[PDB]
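Notes to accompany the following structure.
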Amino acid sequence: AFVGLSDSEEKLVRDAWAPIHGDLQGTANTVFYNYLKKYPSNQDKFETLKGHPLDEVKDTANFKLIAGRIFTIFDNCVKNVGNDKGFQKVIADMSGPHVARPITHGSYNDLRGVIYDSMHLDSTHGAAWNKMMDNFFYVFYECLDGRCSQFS
Ligand code: HEM
């Protein structure tokens with residue numbers, strides 16, 4: 001279920017994200033690359049990337065757009081980490097385009113893990129980050145299951 005964060009935890013989440021917030025596109029590019037390199041079955045899910053070598057698409061406009069859009073959603077979630085309706089709406093709106101897509105929970109969680117690993121958080125910041133991400137994927141997975149309206 002969705003579990004609100006305390007004020008101190010909300011601050012911890014902003015602080016944890018601050019390095020990435022200050023280099024959002026560059027971080028996105030590296031993390032998305034590392035995700036597709038470690039879990040290459042996912043590259044085919046992106047029709048604009050399908051059928052080319054990863055190293056051949058990594059430097060392209062389309063690649064960078066996709067990485068950017070993922071990280072902009074997380075950036076807006078962090079922005080709304082103190083506003084549960086706002087946070088839920090950011091996710092609800094991005095969920096629609098994924099509902100029909102054949103993407104496993106495993107694939108989504110593999111991305112979460114690449115992001116976690118890149119951030120190298122201490123356990124206090126990590127605990128707060130994981131409270132936010134647990135909210136993120138509870139809202140997302142409810143929406144993928146056609147129960148998005150509960151957050152409206
Ligand atoms: C859980 C973090 C994720 C976020 C925040 C996110 C966000 C977004 C956003 C903002 C878009 C653009 C609007 C649209 O959907 O067309 C997009 C599209 C898309 N996403 Fe995600 N996404 C996530 C995970 C994934 C994963 C793990 C996959 C595949 C393994 C995936 C596959 C897609 C596909 C295939 C599209 C359209 C691709 C194209 O332009 O070729 N998404 N996503």
Problem - Residue check for residue 75: charged (D, E, K, R) and in contact with a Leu (Cβ under 8 Å, 6 or more places away or on another chain) - result: yes
Exercise for the section: Kindly indicate whether residue 69 is free of Cβ contacts under 8 Å to residues at least 40 places away in the same chain and either of a type outside the set (S, T, N, Q) or over 25 Å from residue 131 (Cα atoms) (or both). Expected result: yes
Practice task
Would you confirm whether any residue within segment 39-49 is buried (at least 18 other Cβ atoms within 10 Å of the Cβ) and among the hydroxyl-bearing types (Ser, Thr, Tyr)?
Solution key: no
Completion exercise
Output for Cβ contacts, cut-off 7 Å, separation at least six or different chains, first residue in contact (Cβ under 8 Å) with a residue 60 or more places away in the chain in segment 1-16, second of a type in the set (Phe, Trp, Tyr), reads 1/138; 2/138; 13/129; 16/129
Fill in the blank from the handout: The residue that is nearest to the chain's Cα centre (by Cα), considering only those in segment 91-129 that are away from the ligand (no atom under 13 Å from the Cβ) and loosely packed, with under 15 Cβ neighbours inside 10 Å, is 117
Practice task
Would you mind finding the one in 74, 87 that is of a type in the set (A, V, I, L, M, F, W, C), under 17 Å from residue 133 (Cβ atoms), away from the ligand (no atom under 12 Å from the Cβ) and surrounded by 13 or more Cβ atoms within 10 Å (Cβ to Cβ)?
Solution key: 87
Exercise for the section: Return the residue satisfying two criteria in turn: it lies in segment 2-55 and is of a type in the set (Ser, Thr, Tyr) and part of a loop (DSSP other than H, G, I, E, B), and of such residues it is nearest to residue 119 (Cα to Cα). Expected result: 39
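A quick note on method: Cβ atoms are made from the backbone with ideal geometry, for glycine too, and the neighbour counts reach across all protein chains shown. The numbers here are math on the coordinates, done by the rules we state, and not lab data.
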